[PDB]
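Colleague: Here it is, the structure, as structure tokens.
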Amino acid sequence: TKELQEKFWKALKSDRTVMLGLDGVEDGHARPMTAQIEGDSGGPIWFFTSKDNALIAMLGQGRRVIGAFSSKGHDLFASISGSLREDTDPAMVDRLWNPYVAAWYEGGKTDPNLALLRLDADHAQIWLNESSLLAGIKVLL
Amino acid sequence: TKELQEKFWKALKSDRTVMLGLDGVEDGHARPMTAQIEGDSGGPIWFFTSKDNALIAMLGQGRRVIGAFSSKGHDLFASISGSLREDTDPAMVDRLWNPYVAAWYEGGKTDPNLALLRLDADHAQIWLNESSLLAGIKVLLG
Amino acid sequence: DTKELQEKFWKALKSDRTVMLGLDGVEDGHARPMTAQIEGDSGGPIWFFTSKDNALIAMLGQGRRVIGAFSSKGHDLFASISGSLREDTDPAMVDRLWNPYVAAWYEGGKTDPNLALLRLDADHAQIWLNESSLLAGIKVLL
Amino acid sequence: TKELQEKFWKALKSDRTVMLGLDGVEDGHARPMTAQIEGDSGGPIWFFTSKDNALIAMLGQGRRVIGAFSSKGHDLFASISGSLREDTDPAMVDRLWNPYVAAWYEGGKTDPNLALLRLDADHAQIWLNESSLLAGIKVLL
Numbered sequence: 024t025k026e027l028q029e030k031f032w033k034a035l036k037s038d039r040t041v042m043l044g045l046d047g048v049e050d051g052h053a054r055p056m057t058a059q060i061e062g063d064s065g066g067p068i069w070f071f072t073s074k075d076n077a078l079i080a081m082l083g084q085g086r087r088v089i090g091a092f093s094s095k096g097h098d099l100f101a102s103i104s105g106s107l108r109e110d111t112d113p114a115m116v117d118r119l120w121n122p123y124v125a126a127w128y129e130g131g132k133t134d135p136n137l138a139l140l141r142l143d144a145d146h147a148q149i150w151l152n153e154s155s156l157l158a159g160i161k162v163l164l
Numbered sequence: 024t025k026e027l028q029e030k031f032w033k034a035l036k037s038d039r040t041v042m043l044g045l046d047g048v049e050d051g052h053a054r055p056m057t058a059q060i061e062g063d064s065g066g067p068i069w070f071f072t073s074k075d076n077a078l079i080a081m082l083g084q085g086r087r088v089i090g091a092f093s094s095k096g097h098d099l100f101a102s103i104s105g106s107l108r109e110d111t112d113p114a115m116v117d118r119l120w121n122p123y124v125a126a127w128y129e130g131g132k133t134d135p136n137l138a139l140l141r142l143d144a145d146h147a148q149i150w151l152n153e154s155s156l157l158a159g160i161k162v163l164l165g
Numbered sequence: 023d024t025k026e027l028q029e030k031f032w033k034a035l036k037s038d039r040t041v042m043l044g045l046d047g048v049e050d051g052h053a054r055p056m057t058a059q060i061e062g063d064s065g066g067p068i069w070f071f072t073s074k075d076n077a078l079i080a081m082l083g084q085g086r087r088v089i090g091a092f093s094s095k096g097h098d099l100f101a102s103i104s105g106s107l108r109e110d111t112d113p114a115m116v117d118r119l120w121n122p123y124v125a126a127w128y129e130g131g132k133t134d135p136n137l138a139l140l141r142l143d144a145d146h147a148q149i150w151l152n153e154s155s156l157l158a159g160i161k162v163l164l
Numbered sequence: 024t025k026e027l028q029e030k031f032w033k034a035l036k037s038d039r040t041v042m043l044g045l046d047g048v049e050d051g052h053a054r055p056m057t058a059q060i061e062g063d064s065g066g067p068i069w070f071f072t073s074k075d076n077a078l079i080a081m082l083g084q085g086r087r088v089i090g091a092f093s094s095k096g097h098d099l100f101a102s103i104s105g106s107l108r109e110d111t112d113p114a115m116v117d118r119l120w121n122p123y124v125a126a127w128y129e130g131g132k133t134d135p136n137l138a139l140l141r142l143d144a145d146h147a148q149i150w151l152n153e154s155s156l157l158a159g160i161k162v163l164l
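Protein chains in written order, with the deposited numbering: chain B, 24 to 164; chain A, 24 to 165; chain C, 23 to 164; chain D, 24 to 164.
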């Protein structure tokens, strides 16, 4: 079970996107948001966001959510269960800042409309797609 | 946009996998299921499954679901809104049957464990995420 | 069936597009990604829009033997494509293959003097299927 | 540029397949082979293969080769330049051996037909696919 955790975190780290939907918000639509973590593994999972986000209004102390994740190549799928809440911690913003994130905010870090979500993931259900290479056939074309 | 729909249906047909969860079932977890459609576009969206699928007991006459879909390469994300119910129609099993589906059922089409779900999708929110190639950089390897 | 393979490969190439094409004696033989285009659902030749200043263009002469490396998104198909590569900037062909994505790369559009078009007439490919089967899902502490 | 190396080595480690060709062999066809490295970064790059592989007859003391590489999701393309030679080192077989390697040998680690290649890559030309995420649009369907 060590390897499964590893594959998931590596995939999440490089591919990033998580489709995050909340039942009573935005009709339950699973919005693609680019995840970020500190280091190569372990939660929490962070999301840069705008104070005006409708999920921002309705998370409060915490909300149970399911995030849908797939690796770009579709060789892994993860259903991520956890609590999502706003945590616009300025130290966190410093740790996670980069030119890509930077582009989204006219204000830069100080931008009043910048928000940060954290997802505390306690568990995920994970599906590996296993592929078998078959013998290559020469075909005239 | 008709391009958006066309792209969505194209990607769904070739890439197939949709992650599907139900509130109040298995903590809401979204399961990867492979989608099938008759023709090259237009719902409903069908999923072959097993009668002992947890979701089946809770569908009743049809429940609202959100399907999470991404294309391979992730150049398209779709959140598909619609209604999901078991419609294990023999006519439908026959129209959609293929060697890949066959592999899963020991009993063939007659398999007592075979179930079929349909998703009637009234709408999808679609995000394009298309890639553009940067210039190649030469890099020394250690 | 050998018919299955050709069909899957043409489908993958049509949708995935990218082929990494290298040439001996050019740029150390490195294989650059270039996006393939074919008229219709299947069958060559394979067209590559490119720039006139491509050094690759300089070295083609009447046509050259090239090996193209292809993989499908998700890596369920690999193809090594053997064929002759030469420039064929046919104005009629430019129109048949033109689109906004192609258009974006050229200042003058079709009018651009730097616009070049390469054709790959492929006699044969080696094709590897690498299909995937989904494993049962495990739940992990996190 | 450090980032590029990290991305490449990450992609290589998780995705593995390199399509490798040699001029004068198999008409120059690039056969997909699964790359292995010790650790998470740095060459050499190892390939398990067959003693009867036509490639082995032609490698001699070593040959310059180009390997075509893409990540499964096609967000990274790499043309790898290096020297390729057989180095069926027994220690190396133990070090890189695994259930997936194990699937190919009727005789296992001690299969007489087992052969190991090493690619000593000095450099690679690397292309990144930059994705741009548009605003979500609802469609009727």
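Just so you know, even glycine gets a beta-carbon here, dropped at the ideal spot from N, CA and C.
Starting from residue 28(D), follow the alpha helix (DSSP H) in both directions and report where the run begins and ends.
Modeller: Taking the first residue of the fourth sequence as position 1, residue 28(D) is located at position 5. Element bounds for residue 28(D): 25-38.
Colleague: Spell out whether any CB of chain C is found under 7 Å from the CB atom of residue 157(B).
Modeller: Within the first sequence, the letter at position 134 stands for residue 157(B). Yes, contact with chain C.
Colleague: Could you spell out the range, first to last residue, of the beta strand (DSSP E) harbouring residue 145(B)?
Modeller: Counting from 1 along the first sequence, the entry for residue 145(B) is found at position 122. Residue 145(B) -> beta strand (DSSP E) spans 137-154.
Colleague: Let me know if residue 133(A) comes out buried or exposed under the rule of 16 or more other beta-carbons within 10 Å of its beta-carbon.
Modeller: In the second sequence, counting from the first residue as 1, residue 133(A) sits at position 110. Exposed, since its Cβ has fewer than 16 Cβ neighbours within 10 Å.
Colleague: Please report whether the beta-carbon of residue 96(C) lies at a distance below 7 Å from any beta-carbon of chain A.
Modeller: Numbered from its first residue, the third sequence carries residue 96(C) at position 74. It does: the Cβ of residue 96(C) has a partner Cβ on chain A nearer than 7 Å.
Colleague: Skipping 5 residues on each side, what residues in its chain have a beta carbon closer than 6 Å to that of residue 150(C)?
Modeller: For the purposes of this step, residue 150(C) is taken as the residue at position 128 of the third sequence. A distance below 6 Å between beta-carbons, with the five flanking residues on each side excluded, links residue 150(C) to the following residues of its chain, in chain order: 100.
Colleague: Within 8 Å, do at least three Cβ pairs link the segment 119-134 of chain A to the segment 75-84 of chain A?
Modeller: no
Colleague: Is the beta carbon of residue 91(B) sitting closer than 7 Å to the one on residue 91(A)?
Modeller: For the purposes of this step, residue 91(B) is taken as residue 68 along the first sequence, with counting starting at 1. For the purposes of this step, residue 91(A) is taken as residue 68 along the second sequence, with counting starting at 1. It is a contact, given that the beta carbons lie within the stated cut-off.
Colleague: Have a look at residue 64(D) and residue 128(D) and give me their C-alpha separation to the nearest angstrom.
Modeller: Here residue 64(D) refers to the residue found at position 41 when the fourth sequence is read from its first residue. Here residue 128(D) refers to the residue found at position 105 when the fourth sequence is read from its first residue. Rounded to whole angstroms, residue 64(D) to residue 128(D) spans 27 Å at the Cα level.
Colleague: Excluding the five sequence neighbours on either side, which residues of its own chain have a C-beta within less than 7 Å of the C-beta of residue 143(C), listed in chain order?
Modeller: Mapped onto the third sequence, residue 143(C) falls at position 121. Once the five neighbours on either side are set aside, the close Cβ partners of residue 143(C) are 66, 67, 105, 106.
Colleague: Classify residue 43(D) as helix, strand or coil using the three-state DSSP reduction.
Modeller: Here residue 43(D) refers to the residue found at position 20 of the fourth sequence. If DSSP states are grouped into helix, strand and coil, residue 43(D) belongs with the strands.
Colleague: So, using beta-carbon positions, are residue 43(C) and residue 88(C) closer together than 7 Å?
Modeller: Start at 1 with the first residue of the third sequence, and residue 43(C) comes out as number 21. Start at 1 with the first residue of the third sequence, and residue 88(C) comes out as number 66. Judged by their CB atoms, residue 43(C) and residue 88(C) are nearer to each other than the 7 Å cut-off.
Colleague: Runs of 4 residues minimum, wholly inside the segment 56-93 of chain D: which ones carry the alpha helix (DSSP H) assignment?
Modeller: Counting only runs that start and end inside the segment 56-93 of chain D, the alpha helix (DSSP H) elements of at least 4 residues fall at 77-82.
Colleague: Does the beta carbon of residue 165(D) sit closer than 7 Å to a beta carbon anywhere in chain A?
Modeller: Because chain D spans 24 through 164 in this model, residue 165(D) falls outside it and cannot be assessed.
Colleague: Count the other C-beta atoms from every protein chain shown that fall within 10 angstroms of the C-beta of residue 148(B), then say buried if there are 16 or more, exposed otherwise.
Modeller: Here residue 148(B) corresponds to residue number 125 of the first sequence, with the count starting at 1. Residue 148(B) is buried by the Cβ-count criterion.
Colleague: Is the CB-CB distance between residue 140(D) and residue 70(D) below 7 Å?
Modeller: As a working note, residue 140(D) is residue 117 in the fourth sequence. As a working note, residue 70(D) is residue 47 in the fourth sequence. Contact flag set, yes.
Colleague: Any C-beta of chain D sitting closer than 7 Å to the C-beta of residue 99(A)?
Modeller: Here the question's residue 99(A) lines up with position 76 in the second sequence. Chain D contact via Cβ: absent.
Colleague: Using a Cβ-Cβ cut-off of less than 8 Å, give me the residues of the segment 50-61 of chain A that come near chain B, in sequence order.
Modeller: 50, 51, 52, 53, 54, 55
Colleague: So, helix, strand or coil for residue 95(D), using DSSP?
Modeller: Walking along the fourth sequence from the start, residue 95(D) turns up at place 72. Reduced to three states, the DSSP call for residue 95(D) is coil.
Colleague: Tell me the DSSP bridge mates of residue 162(B)?
Modeller: By one-based count along the first sequence, residue 162(B) stands at place 139. According to DSSP, residue 162(B) bridges with 147(C).
Colleague: Output the boundary residues of the alpha helix (DSSP H) element that contains residue 157(A).
Modeller: The sequence position of residue 157(A) within the second sequence is 134, counting from 1. Where residue 157(A) is concerned, there is no enclosing alpha helix (DSSP H), given that its DSSP letter is neither H nor E.
Colleague: Give the single residue among 79(A), 135(A), 31(A), 45(A) whose Cα lies nearest to the Cα of residue 113(A).
Modeller: Counting from 1 along the second sequence, the entry for residue 113(A) is found at position 90. Among 79(A), 135(A), 31(A), 45(A), the Cα nearest to that of residue 113(A) belongs to 135(A).
Colleague: Is residue 101(B) helix, strand or coil when you go by DSSP?
Modeller: Translated into the one-based positions of the first sequence, residue 101(B) becomes position 78. Note: residue 101(B) maps to strand in three-state DSSP.
Colleague: Anything in chain D within Cβ reach of residue 46(C), meaning under 7 Å, just list it in chain order.
Modeller: On the third sequence, residue 46(C) is found 24 positions in, with the first residue counted as 1. Within 7 Å Cβ-Cβ: 46.
Colleague: Looking only at DSSP bridge pairs, what is residue 108(B) linked to?
Modeller: Walking along the first sequence from the start, residue 108(B) turns up at place 85. Residue 108(B) pairs with 141(B).
Colleague: Output yes or no for whether 7 Å exceeds the beta carbon distance between residue 109(A) and residue 137(A).
Modeller: Numbered from 1 along the second sequence, position 86 holds the residue referred to as residue 109(A). Numbered from 1 along the second sequence, position 114 holds the residue referred to as residue 137(A). No, the Cβ-Cβ distance between residue 109(A) and residue 137(A) is not below 7 Å.
Colleague: Assign residue 98(C) to buried or exposed, taking buried as 16 or more other Cβ atoms, counted over all protein chains shown, within 10 Å of its Cβ.
Modeller: Taking the third sequence and counting its residues from 1, one reaches residue 98(C) at position 76. With 16 or more Cβ atoms within 10 Å of its Cβ, residue 98(C) is classed as buried.
Colleague: Check whether the Cβ of residue 153(D) lies closer than 7 Å to any Cβ atom in chain A.
Modeller: The count along the fourth sequence starts at 1 and reaches residue 153(D) at position 130. Under the 7 Å criterion on CB atoms, residue 153(D) is classed as interfacial with respect to chain A.
Colleague: Do you know whose CA, among 48(A), 93(A), 39(A), 56(A), lies nearest residue 41(B)'s CA?
Modeller: As a position in the first sequence, residue 41(B) is number 18, starting the count at 1. The shortest C-alpha to C-alpha distance from residue 41(B) to any of 48(A), 93(A), 39(A), 56(A) is the one to 93(A).
Colleague: Name the DSSP bridge partner or partners of residue 53(C)?
Modeller: Within the third sequence, the letter at position 31 stands for residue 53(C). Looking at the DSSP assignment, residue 53(C) forms a beta bridge with 44(C).
Colleague: Along the segment 133-151 of chain C, what residues have a CB closer than 8 Å to any CB found in chain D?
Modeller: 148, 150
Colleague: Could you please give the first and the last residue of the uninterrupted alpha helix (DSSP H) stretch that includes residue 117(B)?
Modeller: As a first step, residue 117(B) is located in the first sequence; it is residue number 94 there, counting from the start. Note, residue 117(B): alpha helix (DSSP H), 113-119.
Colleague: What residues in the segment 25-43 of chain C have a beta carbon less than 7 Å from any beta carbon of chain A?
Modeller: Of all residues in the segment 25-43 of chain C, only 37 place a beta-carbon less than 7 Å from a beta-carbon of chain A.
Colleague: Where does residue 126(A) sit, in a helix, a strand or coil, going by DSSP?
Modeller: To locate residue 126(A), count along the second sequence from 1; it is residue 103. Coil.
Colleague: Which residue from 45(B), 53(B), 54(B) puts its Cα closest to that of residue 85(B)?
Modeller: Start at 1 with the first residue of the first sequence, and residue 85(B) comes out as number 62. When only C-alpha atoms are compared, the closest one is 45(B).
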